[PDB]
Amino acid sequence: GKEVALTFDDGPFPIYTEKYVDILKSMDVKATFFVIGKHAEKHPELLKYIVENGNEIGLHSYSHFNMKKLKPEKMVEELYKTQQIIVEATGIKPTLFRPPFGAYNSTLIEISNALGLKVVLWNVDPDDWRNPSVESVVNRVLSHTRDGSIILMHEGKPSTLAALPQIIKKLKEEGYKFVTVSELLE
């Protein structure tokens, strides 16, 4: 059968992380959260909340700057610092890294791999950052989702929180199983 990975970038966020997690848990569905280190270290209890509910945490860098032009040692500092915040909060080491803006080069791939991280982007983008209506977010996801889809969404967004129940309902009716990015890639 068909699998899809729902993903949320840029958290955690007071109020919203807990709300996203509760919706997923209420629907028997798991997702992948790509957290910014500066946010993660302010809110360790929210990291534990993501993982206690069966969700995966990935890195989204410490600072959330475009990493395209960083020196190798700064790429290391950005990833290693975030990996350490996450494992100190959850006891679970992340294995995935989504670069800010999806910007990368071969060196960032090599540094990520040397830290035991896979670089992941996405293949379905309903542009939920520059807030669309909840109906147009739903329709972009349901019109583009295929077996192996990795859906880019953003934490801390009421319009995204609003769209989740309809996305989960309709994809479940189309026979999709919801998996983590790690499970999807195997």
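All residue numbers refer to positions in the sequence shown, first residue = 1.
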{"item": "Segment of higher mean CA temperature factor, 113 to 121 or 22 to 30", "value": "22 to 30"}
{"item": "Mean Cα B-factor comparison, 57 to 65 or 41 to 49, giving the higher one as deposited", "value": "41 to 49"}
{"item": "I151, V35, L70, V134, ranked by C-alpha B-factor: the highest one", "value": "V134"}
{"item": "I92 by Cα B-factor - lowest, middle or highest third of the modelled chain", "value": "middle"}
{"item": "Among modelled residues of the same chain, the CA temperature factor third for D9", "value": "lowest"}
